[PDB]
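Residue numbers (PDB author numbering): 4 to 395.
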Ligand SMILES: [Ca+2]
Ligand SMILES: [Zn+2]
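Printed below as a string of structure tokens:
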């Protein structure tokens, strides 16, 4: 059924790190193994992007663009001046120079990665008018990313993505709990949060903000500085983009490309309480989510905000209702999968009973055939037709 040869590129969310980080414990595979290696082993050429887990989708897309084709990250002169961080970031050799020669990729994105992938597609195709106009008005140079006209992306697949935000950000103790989540992923990787490791271990890639863990600093201490830093206090952050208002703002400009396939997977790991209408964690959900996040997600309503009952089912971290595609402030279409994947529309591939971390293998779930999950997805992506023609 193989109808294209595009390689697959994997993209994490508000947690995530390179293949060499976390002592080789993989974000994509966790305690289950190495998802990229499984795909490559099965004949599906697969790569992995690592970008700032806490950075805005904008920053991450700029980082992803430079990580793909090579070069020094360029966040755009207008954006950098706007938010007060460096215009230029780290330099990359480029994972896929074939992209500079018409090649295309499939992106498989988990969590906030889904937002980033969508945004990258948009900047690639449309560029940024704001940047272009700023470059002409200030006589500054312009990254090719902002010119538009790039078509690197044949498909985007999002898994557990908060396309409409997650109400988790609304928790009153969200900042302290969000970083506890980072601590919980570290723990999953068997990494302590109260130890000043001399090796990097987990690089948050805050080059633009000039933030990095210092010698003698544990992750606990590091996170306490991050909490008070601009990567947590600004609107140019994952924290803002993850929020319902922030995701809506994102949706208002980040539209689905008619040249690109979109697949969404929804995840859920909760049950409904008959008398309260709330949703509750099941048995099997990662311990941190079950205790600290799922109860809030499954009970938080806010009429002002648009959060009614539909939002309560969740995967421990993200409202399921947010996952099938952008809706809030979005002109994108979403169709249930009907056997045939269509261009320029969100193909809701269905809802899977796995939690936010289980779906990438970071939390165990031996009832979830994760190997089969990604293999079946790879097959589906490789079957996507470059072209279509009307028929009866
Ligand atoms: Ca589990
Ligand atoms: Zn930025």
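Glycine included, every Cβ here is placed at the ideal spot set by N, Cα and C.
For residue 405, is the beta carbon positioned less than 7 Å from some heavy atom of ligand 2?
The requested residue 405 is not part of the displayed model; the chain covers only 4 to 395.
Short Cβ contact (8 Å threshold) for residue 52 with residue 64:
no
Beta-carbon contacts of residue 75 that lie in its chain and below 6 Å, excluding the five residues immediately before and after
91 and 94
Beta-carbon proximity list for residue 293, same chain, < 8 Å, skipping 5 on both sides
284 and 319
Local Cβ density within 10 Å of residue 202, reported as buried at 16 or more and exposed below that
exposed
Going straight from the alpha carbon of residue 99 to that of residue 359, what length do you get?
29 Å
Taking the CB atoms as reference points, tell me whether residue 312 and residue 328 lie closer together than 8 Å.
no
If you draw a straight line from the alpha carbon of residue 3 to that of residue 326, how long is it in whole angstroms?
Since the first residue of the chain shown is 4 and the last is 395, residue 3 is not available in this structure.
Can you find the residues in the same chain that come closer than 6 Å, C-beta to C-beta, to residue 186, ignoring five residues on each side of it along the sequence?
Closer than 6 Å at the Cβ level, and outside the excluded window around residue 186, lie 196.
Tell me whether residue 77 counts as near ligand 1, meaning its Cβ is closer than 7 Å to at least one heavy atom of that ligand.
No - ligand 1 has no heavy atom lying nearer than 7 Å to the Cβ of residue 77.
What are the boundary residues of the alpha helix (DSSP H) that residue 82 is part of?
80 to 86
Using CA coordinates, which residue listed in 96, 265 and 376 is at the minimum distance from residue 69?
96
Please tell me whether residue 82 and residue 158 are closer than 8 Å, where the distance is taken between their beta carbons.
Going by C-beta atoms, residue 82 is not nearer than 8 Å to residue 158.
Could you tell me which residues DSSP puts in a beta bridge with residue 337?
In DSSP, residue 337 forms a bridge with 349.
Does DSSP classify residue 368 as helix, strand or coil?
coil
Nearest residue (CA-CA) to residue 356, options 172, 216, 279 and 316
Out of 172, 216, 279 and 316, 316 has the C-alpha closest to the C-alpha of residue 356.
Go through the stretch 67 to 128 residue by residue and report every complete run of the beta strand (DSSP E) that reaches 3 residues or more, in order.
74 to 77, 91 to 95 and 108 to 113
What does DSSP give as the partner residue(s) for residue 307 in the beta ladder?
Bridge partners of residue 307: none, in fact.
Following a CB-centred definition, is residue 341 positioned closer than 7 Å to any heavy atom of ligand 2?
no
Using 8 Å as the Cβ pair cut-off and three pairs as the minimum, do the stretch 101 to 116 and the stretch 10 to 23 touch?
yes
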